[PDB]
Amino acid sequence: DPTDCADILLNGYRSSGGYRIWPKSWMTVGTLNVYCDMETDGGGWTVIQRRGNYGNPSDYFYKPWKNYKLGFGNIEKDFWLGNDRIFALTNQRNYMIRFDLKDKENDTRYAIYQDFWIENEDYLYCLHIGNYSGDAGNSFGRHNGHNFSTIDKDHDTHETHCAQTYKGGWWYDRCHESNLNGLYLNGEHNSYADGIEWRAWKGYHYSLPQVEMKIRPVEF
């Protein structure tokens, strides 16, 4: 019955954690276990990505198209939900995406983008995002309207292979201002922009230790 975490919240469940949901497209992707953040600004957020120090290698997110398509990781630790699943959820209705970022000093920033959705695999999971708001700085905006790229599939608009240079699966442009699926370098680093970066806040030489991407219906 519940199609996402907002529905789960409206049904009375107030605690954060894993829940089974029935997206409207369950006939194809099936039911899914998702992590629901029921605390941030009222709750009802379905988490689609998370980075943290959970024991996985620093290059854990350095995976090919197939892995990003199907998803990988544990929803209670660091993971990527899966593009087919993200497509299924973002298309069942209108969602906004929220980015929660935290640095090593435990300070935090967030960014909200309305009308968040991606197209299906045939269209290379092209990204769509609306207006920005928040205090982290608008570093995801430049990615609007770009294809998804991975180490084995260059779909960006640069002469080089953005994914191989910056190490993640992302909607690379030429190449990025945000790189949340990059290497887990934990803090300051000399290498150039290949860690978990959010340019508008910490520049290109600081890999955020903890980040999360989560969605909630606009009509919440």
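Numbers for residues come from their place in the sequence shown, where the first is 1.
Higher mean CA temperature factor, per the PDB entry, when comparing 52 to 60 with 166 to 174: 52 to 60. When the mean C-alpha temperature factors of 147 to 155 and 43 to 51 are read from the deposited coordinates, 147 to 155 comes out higher. For the set 106, 91, 83, 139, the maximum C-alpha B-factor listed in the entry falls on 106. In the deposited entry, the Cα temperature factor of residue 66 places it in the middle third of its chain's modelled residues. When the modelled residues of the chain are ordered by their C-alpha B factor, residue 37 lands in the lowest third.
When the CA B factors of the chain's modelled residues are split into thirds, the value for residue 4 lands in the lowest one. Residue 78 sits in the middle third of its chain by CA B factor, as recorded in the PDB entry.
In the deposited entry, the Cα temperature factor of residue 183 places it in the middle third of its chain's modelled residues.
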